[PDB]
Each structure stands twice: as C-alpha cells, then as structure tokens.
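Peer 1: This is the content of run38.csv (CSV, C-alpha atoms and all ligand atoms):
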```csv
chain,number,residue,atom,x,y,z
J,2611,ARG,CA,-18.8,-4.2,43.5
J,2612,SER,CA,-21.0,-7.2,43.0
J,2613,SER,CA,-20.6,-9.8,45.8
J,2614,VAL,CA,-22.0,-13.3,46.5
J,2615,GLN,CA,-23.6,-13.3,49.9
J,2616,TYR,CA,-25.8,-15.8,51.8
J,2617,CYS,CA,-29.3,-14.7,52.5
J,2618,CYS,CA,-31.5,-16.5,55.0
J,2619,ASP,CA,-34.4,-18.5,53.5
J,2620,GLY,CA,-36.2,-18.2,56.8
J,2621,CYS,CA,-36.1,-14.4,57.4
J,2622,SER,CA,-34.3,-12.9,54.4
J,2623,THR,CA,-31.5,-11.4,56.5
J,2624,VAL,CA,-28.5,-10.8,54.2
J,2625,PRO,CA,-25.6,-11.3,54.7
J,2626,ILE,CA,-25.8,-14.1,57.2
J,2627,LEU,CA,-22.9,-13.4,59.4
J,2628,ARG,CA,-20.3,-15.7,61.2
J,2629,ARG,CA,-22.0,-18.9,60.4
J,2630,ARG,CA,-24.9,-20.3,58.4
J,2631,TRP,CA,-26.9,-23.4,58.9
J,2632,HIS,CA,-26.8,-25.0,55.5
J,2633,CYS,CA,-29.1,-27.7,54.1
J,2634,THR,CA,-27.2,-30.8,52.7
J,2635,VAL,CA,-30.2,-31.9,50.6
J,2636,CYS,CA,-31.8,-28.8,49.0
J,2637,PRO,CA,-30.0,-26.9,46.2
J,2638,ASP,CA,-29.3,-23.7,47.9
J,2639,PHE,CA,-30.9,-23.3,51.4
J,2640,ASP,CA,-29.4,-21.5,54.4
J,2641,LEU,CA,-30.7,-20.3,57.7
J,2642,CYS,CA,-29.2,-17.8,60.1
J,2643,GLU,CA,-28.6,-18.8,63.7
J,2644,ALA,CA,-31.9,-17.3,64.9
J,2645,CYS,CA,-34.0,-19.0,62.3
J,2646,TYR,CA,-32.3,-22.3,62.8
J,2647,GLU,CA,-33.1,-22.1,66.5
J,2648,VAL,CA,-36.6,-20.7,66.4
J,2649,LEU,CA,-38.4,-21.6,63.1
J,2650,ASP,CA,-41.2,-24.0,63.6
J,2651,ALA,CA,-40.8,-27.3,61.7
J,2652,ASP,CA,-44.1,-27.0,59.8
J,2653,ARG,CA,-43.2,-23.4,58.7
J,2654,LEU,CA,-40.0,-24.2,56.8
J,2655,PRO,CA,-40.1,-22.9,53.2
J,2656,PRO,CA,-40.9,-25.8,50.9
J,2657,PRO,CA,-39.3,-27.9,49.6
J,2658,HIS,CA,-37.0,-27.9,52.6
J,2659,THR,CA,-38.2,-30.4,55.3
J,2660,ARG,CA,-37.2,-31.0,58.9
J,2661,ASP,CA,-35.5,-34.3,58.2
J,2662,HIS,CA,-32.9,-32.7,55.9
J,2663,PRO,CA,-29.4,-32.7,57.6
J,2664,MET,CA,-28.1,-29.2,58.3
J,2665,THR,CA,-24.5,-28.3,58.8
J,2666,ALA,CA,-22.9,-25.2,60.4
J,2667,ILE,CA,-20.6,-23.5,57.8
J,2668,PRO,CA,-18.3,-20.6,58.7
J,2669,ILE,CA,-18.9,-17.4,56.7
B,2611,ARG,CA,-29.5,-19.1,49.5
B,2612,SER,CA,-26.7,-17.5,47.4
B,2613,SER,CA,-27.5,-13.9,46.5
B,2614,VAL,CA,-25.8,-11.2,44.4
B,2615,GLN,CA,-25.5,-8.0,46.5
B,2616,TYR,CA,-23.7,-4.7,46.0
B,2617,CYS,CA,-20.7,-4.1,48.3
B,2618,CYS,CA,-19.3,-0.6,48.7
B,2619,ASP,CA,-15.8,-0.2,47.3
B,2620,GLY,CA,-15.1,2.6,49.8
B,2621,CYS,CA,-16.1,1.0,53.1
B,2622,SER,CA,-17.1,-2.6,52.2
B,2623,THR,CA,-20.6,-2.3,53.7
B,2624,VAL,CA,-22.8,-5.0,52.1
B,2625,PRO,CA,-25.6,-4.8,51.0
B,2626,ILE,CA,-25.6,-1.2,50.1
B,2627,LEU,CA,-29.0,0.1,51.0
B,2628,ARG,CA,-31.4,2.5,49.4
B,2629,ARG,CA,-29.3,3.5,46.5
B,2630,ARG,CA,-25.8,3.0,45.2
B,2631,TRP,CA,-23.5,5.5,43.5
B,2632,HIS,CA,-22.3,3.5,40.5
B,2633,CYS,CA,-19.4,4.1,38.3
B,2634,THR,CA,-20.2,4.3,34.6
B,2635,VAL,CA,-16.5,3.7,33.5
B,2636,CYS,CA,-15.1,1.0,35.8
B,2637,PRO,CA,-16.2,-2.6,35.4
B,2638,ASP,CA,-17.9,-3.1,38.8
B,2639,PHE,CA,-17.5,-0.1,41.2
B,2640,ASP,CA,-20.1,1.1,43.7
B,2641,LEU,CA,-20.2,3.5,46.6
B,2642,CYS,CA,-22.8,3.7,49.4
B,2643,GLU,CA,-24.3,7.1,49.9
B,2644,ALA,CA,-22.1,7.9,52.9
B,2645,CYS,CA,-18.9,7.2,51.1
B,2646,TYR,CA,-20.0,9.0,48.0
B,2647,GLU,CA,-20.7,12.1,50.1
B,2648,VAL,CA,-17.5,12.2,52.2
B,2649,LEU,CA,-14.7,10.2,50.6
B,2650,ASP,CA,-12.1,12.0,48.6
B,2651,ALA,CA,-11.0,10.5,45.4
B,2652,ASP,CA,-7.5,9.7,46.7
B,2653,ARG,CA,-9.1,7.3,49.1
B,2654,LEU,CA,-10.8,5.4,46.3
B,2655,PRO,CA,-9.2,2.3,44.9
B,2656,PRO,CA,-7.4,2.5,41.5
B,2657,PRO,CA,-8.3,2.5,38.7
B,2658,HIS,CA,-11.3,4.5,39.7
B,2659,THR,CA,-10.8,8.3,39.4
B,2660,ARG,CA,-12.7,11.4,40.2
B,2661,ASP,CA,-13.6,12.2,36.6
B,2662,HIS,CA,-15.6,9.0,36.2
B,2663,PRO,CA,-19.3,9.8,36.0
B,2664,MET,CA,-21.3,8.2,38.8
B,2665,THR,CA,-25.0,7.5,38.7
B,2666,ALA,CA,-27.4,6.8,41.6
B,2667,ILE,CA,-29.1,3.5,41.1
B,2668,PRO,CA,-32.0,2.4,43.5
B,2669,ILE,CA,-31.3,-0.8,45.3
R,1,NI,NI,-24.6,-27.1,49.7
R,2,NI,NI,-22.3,-0.6,35.4
R,3,ZN,ZN,-33.1,-16.0,59.4
R,4,ZN,ZN,-33.4,-28.8,52.7
R,5,ZN,ZN,-19.3,3.0,51.8
R,6,ZN,ZN,-14.6,4.3,38.1
```
For this file, write the structure as structure tokens.
Ligand code: NI
Ligand code: NI
Ligand SMILES: [Zn+2]
Ligand SMILES: [Zn+2]
Ligand SMILES: [Zn+2]
Ligand SMILES: [Zn+2]
Peer 2:
Amino acid sequence: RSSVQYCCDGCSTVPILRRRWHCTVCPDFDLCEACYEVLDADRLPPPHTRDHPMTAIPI
Amino acid sequence: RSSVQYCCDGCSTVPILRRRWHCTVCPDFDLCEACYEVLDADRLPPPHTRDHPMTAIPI
C-alpha cells in the first residue's frame, strides 16, 4: 500500500521514527533527531534557515 | 518532508526496499520480497487472493 511518511530533509532517512523536528515556517521541512542535533547551521537545505522555529512532533 | 512510500500489506515494513511485489487486481496492495516468498495466501488481507497476478516493480 501507498503510505504518507516523513523523510528527513537533512539526511533523507525515511520514515523518521518516534518524533520529527518540524519547521513552522517552511512548507514541508522535517529533520530527524540526529540531524536536528548535529547539522551545521550554514549547511541547512535552502530555503530553511537557522532562525526558523522548530517543533518536536510525535510520529 | 512528506513522502509517498510503499508499505508492505503482509508485514507493514515501510519503505519496501529493492522491489515490491505488486497486485495487479487490488487497488493498492504490495508485498515486500520476504512476505511474497514465505506468506501463505490465508495470511493475506482480504480482498486480496492467491489468484491475483503479482508483478515485481523496482523501488
Ligand atoms: Ni507544518
Ligand atoms: Ni497498481
Ligand atoms: Zn536526518
Ligand atoms: Zn524552515
Ligand atoms: Zn512484508
Ligand atoms: Zn490482490
């Protein structure tokens, strides 16, 4: 079956499991826990920027 | 990001990797390689039946 899943925009892991750090500003941007913790601020995929508020959403 | 992935109707693994055994008759039915090889038809969710032709589709 076809299933909607969240894929990390930092590392392309899919599905993100347990929780996803979601951008409140971008249209459709999510990070897994590891990317949220380790991705460098100047290496975020544009147009996401480091000032965008992120929220932890249960999967 | 939101992403369409294939989820196995036999074991619920998602994404199916490599290839998916896809039902030609049902609306949206897929098995991973492992389920296709070892699950008996009585274990598969109605309305899928053993006479439905299945085709291997690369992921
Ligand atoms: Ni949102
Ligand atoms: Ni089809
Ligand atoms: Zn990631
Ligand atoms: Zn953003
Ligand atoms: Zn399976
Ligand atoms: Zn079927």
Peer 1: Should the cut-off be 7 Å, what would the residue list for chain B against chain J look like, counting all atoms listed in the file, as a PyMOL selection string?
Peer 2: chain B and resi 2611-2619+2638-2640
Peer 1: Over every C-alpha pair, in sequence order, do a least-squares fit of chain J onto chain B and save the fitted chain as a CSV table (one decimal) with C-alpha atoms, in the frame of the given file.
Peer 2:
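Heads up, here's the output in part.csv:
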```csv
chain,number,residue,atom,x,y,z
J,2611,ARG,CA,-29.7,-19.1,49.6
J,2612,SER,CA,-27.0,-17.5,47.5
J,2613,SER,CA,-27.8,-13.8,46.6
J,2614,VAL,CA,-26.1,-11.1,44.5
J,2615,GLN,CA,-25.7,-8.1,46.6
J,2616,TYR,CA,-23.8,-4.8,46.1
J,2617,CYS,CA,-20.9,-4.2,48.4
J,2618,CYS,CA,-19.3,-0.8,48.7
J,2619,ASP,CA,-15.8,-0.4,47.2
J,2620,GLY,CA,-15.1,2.4,49.6
J,2621,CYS,CA,-16.0,0.9,53.0
J,2622,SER,CA,-17.1,-2.7,52.3
J,2623,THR,CA,-20.6,-2.3,53.7
J,2624,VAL,CA,-22.8,-5.0,52.2
J,2625,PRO,CA,-25.6,-4.8,51.1
J,2626,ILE,CA,-25.7,-1.2,50.0
J,2627,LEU,CA,-29.2,-0.3,50.8
J,2628,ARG,CA,-31.8,2.0,49.0
J,2629,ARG,CA,-29.4,3.3,46.5
J,2630,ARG,CA,-25.9,3.0,45.2
J,2631,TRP,CA,-23.6,5.4,43.5
J,2632,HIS,CA,-22.4,3.4,40.5
J,2633,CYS,CA,-19.4,4.1,38.3
J,2634,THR,CA,-20.2,4.3,34.5
J,2635,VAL,CA,-16.6,3.7,33.5
J,2636,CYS,CA,-15.1,1.0,35.8
J,2637,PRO,CA,-16.3,-2.7,35.5
J,2638,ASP,CA,-18.0,-3.1,38.7
J,2639,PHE,CA,-17.6,-0.2,41.2
J,2640,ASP,CA,-20.2,1.1,43.7
J,2641,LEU,CA,-20.2,3.4,46.6
J,2642,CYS,CA,-22.8,3.7,49.4
J,2643,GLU,CA,-24.2,7.1,50.1
J,2644,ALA,CA,-21.8,7.9,52.9
J,2645,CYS,CA,-18.7,7.0,50.9
J,2646,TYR,CA,-19.9,8.9,47.9
J,2647,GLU,CA,-20.3,12.0,50.1
J,2648,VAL,CA,-17.2,11.8,52.2
J,2649,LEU,CA,-14.4,9.8,50.5
J,2650,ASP,CA,-11.5,12.0,49.6
J,2651,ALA,CA,-10.8,12.2,45.8
J,2652,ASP,CA,-7.1,11.0,46.2
J,2653,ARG,CA,-8.3,8.0,48.3
J,2654,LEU,CA,-10.6,6.3,45.8
J,2655,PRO,CA,-9.6,2.7,45.2
J,2656,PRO,CA,-7.6,2.5,41.9
J,2657,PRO,CA,-8.4,2.3,39.1
J,2658,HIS,CA,-11.5,4.3,39.8
J,2659,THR,CA,-10.8,8.1,39.4
J,2660,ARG,CA,-12.7,11.2,40.3
J,2661,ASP,CA,-13.5,12.1,36.8
J,2662,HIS,CA,-15.5,8.9,36.2
J,2663,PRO,CA,-19.3,9.7,36.0
J,2664,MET,CA,-21.3,8.2,38.8
J,2665,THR,CA,-25.0,7.5,38.7
J,2666,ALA,CA,-27.5,6.9,41.5
J,2667,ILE,CA,-29.2,3.4,41.0
J,2668,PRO,CA,-32.1,2.2,43.1
J,2669,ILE,CA,-31.4,-1.0,45.0
```
Peer 1: By how many Å are atom CA of residue B:2642 and atom CA of residue J:2645 apart?
Peer 2: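 Atom CA of residue J:2645 lies 28.4 Å from atom CA of residue B:2642.
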Peer 1: Near stretch 2661-2667 of chain J, within 7 Å and counting all atoms listed in the file, which residues show up once chain neighbours fewer than 4 positions away are dropped, as JSON, numbers by chain?
Peer 2: {"J": [2629, 2630, 2631, 2632, 2633, 2634, 2635]}
Peer 1: From the options J:2669, J:2653, J:2647, J:2658, which residue's atoms come nearest to ligand ZN 4 (chain R), counting all atoms listed in the file?
Peer 2: J:2658
Peer 1: Which one of B:2660, B:2643, B:2652, B:2628 sits closest to ligand ZN 5 (chain R) if you count only C-alpha atoms and all ligand atoms?
Peer 2: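 For ligand ZN 5 (chain R), the nearest of the given residues is B:2643.
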Peer 1: What is the atom CA of residue J:2649-atom CA of residue J:2627 distance in Å, reported with one decimal?
Peer 2: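 If I compute the distance from atom CA of residue J:2649 to atom CA of residue J:2627, I get 17.9 Å.
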Peer 1: What does the distance from atom CA of residue B:2646 to atom ZN of ligand ZN 6 (chain R) come to in Å, to one decimal?
Peer 2: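 So the two atoms, atom CA of residue B:2646 and atom ZN of ligand ZN 6 (chain R), lie 12.2 Å apart.
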